[PDB]
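Report on the following structure.
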Amino acid sequence: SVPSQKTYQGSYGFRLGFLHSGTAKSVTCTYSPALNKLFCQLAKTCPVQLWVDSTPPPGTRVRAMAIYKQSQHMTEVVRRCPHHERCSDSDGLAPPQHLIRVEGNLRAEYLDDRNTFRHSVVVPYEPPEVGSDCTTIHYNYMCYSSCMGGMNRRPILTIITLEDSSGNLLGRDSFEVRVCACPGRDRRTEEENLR
Ligand SMILES: [Zn+2]
């Protein structure tokens with residue numbers, strides 16, 4: 001099977017937000033609204049905002065999962081390549097096989113679905129703090145899109161779901177991701193090719 005990727009704001013008006021980082025050759029993470037695509041460097045911080053019209057119940061959680069964008073690859077579990085899964089770079093919480101990690105959150109949980117075998121990382125949803133209108137989760141992608149034996153140049157989508165305490169769906173959003181050496185240049189290139 002394959003996880004749904006249908007955008008769903010739900011009862012709480014859930015949707016994602018991205019910073020405006022620009023396309024300088026030195027940028028480490030940049031988002032393209034026109035392509036609904038995040039371009040980022042390997043293992044660098046990717047700030048992702050969570051926006052809601054009303055605060056969901058305590059116990060609400062936020063899960064991140066990657067799936068291949070191409071239908072012919074959709075059933076394949078997105079995982080780190082044979083090289084990176086063995087480079088001993090775990091932060092002591094993320095299993096070395098997981099592509100997506102959450103930075104600086106000791107309550108982050110990493111799941112290996114006993115049924116689908118898919119990987120995901122989930123954290124408790126925290127309402128915005130004083131002075132803020134949104135909540136930010138810092139994600140890391142641990143393989144390049146080009147890693148052989150892994151993503152292998154195949155594009156992926158990250159699906160973010162707002163879930164209740166039982167894991168039931170409250171909201172969903174998604175975006176394409178390309179992990180590369182020069183996000184600024186690749187974003188500029190792809191947006192141009194779009195024109
Ligand atoms: Zn890799």
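The chains in the structure tokens are called A, B, ... from first to last as shown; in each chain the residues are counted from 1, and the ligands are counted from 1 in the order shown.
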For this session: Could you please extract the residues within 12 Å of ligand 1, counting only C-alpha atoms and all ligand atoms, and hand them back as number ranges by chain?
Result: A: 42-43, 78-87, 89, 96-100, 141-153, 179-180
Problem set entry | Backbone DSSP call of strand (DSSP E) for stretch 40-109 of chain A, listed as number ranges by chain | A: 40, 46-51, 61-68, 100-102, 109
Which residues of stretch 50-167 of chain A come within 10 Å of stretch 19-38 of chain A, and for each one, what is the closest pair of atoms and their distance in Å to one decimal, counting only C-alpha atoms, sorted by chain and residue number, as CSV?
```
residue,atom,partner,partner_atom,distance
A:156,CA,A:37,CA,9.8
A:157,CA,A:37,CA,8.5
A:158,CA,A:38,CA,9.5
```
Exercise. Which of these, A:138, A:63, A:54, A:48, has the shortest distance to residue A:172 once you count only C-alpha atoms?
Worked result: A:63
Exercise. When distances are computed from only C-alpha atoms, which of A:111, A:2, A:137, A:106 shows the smallest separation from residue A:45?
Worked result: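 The answer is A:137, which sits nearest to residue A:45.
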Closest contacts (stretch 68-144 of chain A/stretch 160-166 of chain A, max 10 Å, only C-alpha atoms) as CSV:
```
residue,atom,partner,partner_atom,distance
A:120,CA,A:160,CA,9.7
A:121,CA,A:160,CA,9.8
A:122,CA,A:161,CA,9.2
A:123,CA,A:162,CA,10.0
A:124,CA,A:165,CA,9.3
A:125,CA,A:162,CA,8.1
```
With C-alpha atoms retained, export the selected residues as a PDB file, in the first residue's frame.
```pdb
ATOM      1  CA  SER A 120       8.446   7.926  10.196  1.00  0.00           C
ATOM      2  CA  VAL A 121       9.355  10.347  12.952  1.00  0.00           C
ATOM      3  CA  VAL A 122       6.712  11.864  15.216  1.00  0.00           C
ATOM      4  CA  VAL A 123       6.732  14.565  17.906  1.00  0.00           C
ATOM      5  CA  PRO A 124       4.126  16.063  20.236  1.00  0.00           C
ATOM      6  CA  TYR A 125       2.454  19.111  18.731  1.00  0.00           C
TER       7      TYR A 125
END
```
Exercise. Just how far from atom CA of residue A:126 is atom CA of residue A:108, in Å to one decimal?
Worked result: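 Going from atom CA of residue A:108 over to atom CA of residue A:126 covers 12.3 Å.
Of the listed residues (A:171, A:139, A:182, A:3), A:171 comes nearest to residue A:61; the distances count only C-alpha atoms.
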Problem set entry | Atomic separation - atom CA of residue A:67 relative to atom CA of residue A:154, Å |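 One can read the atom CA of residue A:154 to atom CA of residue A:67 distance as 10.3 Å.
Between residue A:90 and the residues A:115, A:140, A:50, A:72, the shortest atom-to-atom distance, using only C-alpha atoms, involves A:140.
Taking atom CA of residue A:184 as the reference point, atom CA of residue A:47 is found at 15.9 Å.
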For this session: Between A:170, A:93, A:181, A:16, single out the one closest to residue A:40, counting only C-alpha atoms.
Result: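 Closest to residue A:40 of all the choices is A:181.
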For this session: Fewer than 4 positions away in the same chain doesn't count, so skip those; otherwise give me all residues within 8 Å of residue A:134, counting only C-alpha atoms, as a PyMOL selection string.
Result: chain A and resi 49-52+127-129
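Backbone DSSP over chain A gives helix (DSSP H, G or I) for residues 84, 85, 86, 183, 184, 185, 186, 187, 188, 189, 190, 191, 192, 193 and 194 of chain A.
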Problem set entry | Top pick for closest residue to residue A:13, considering A:193, A:55, A:116, A:41 and counting only C-alpha atoms |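 Residue with the minimum atom-to-atom distance to residue A:13: A:55.
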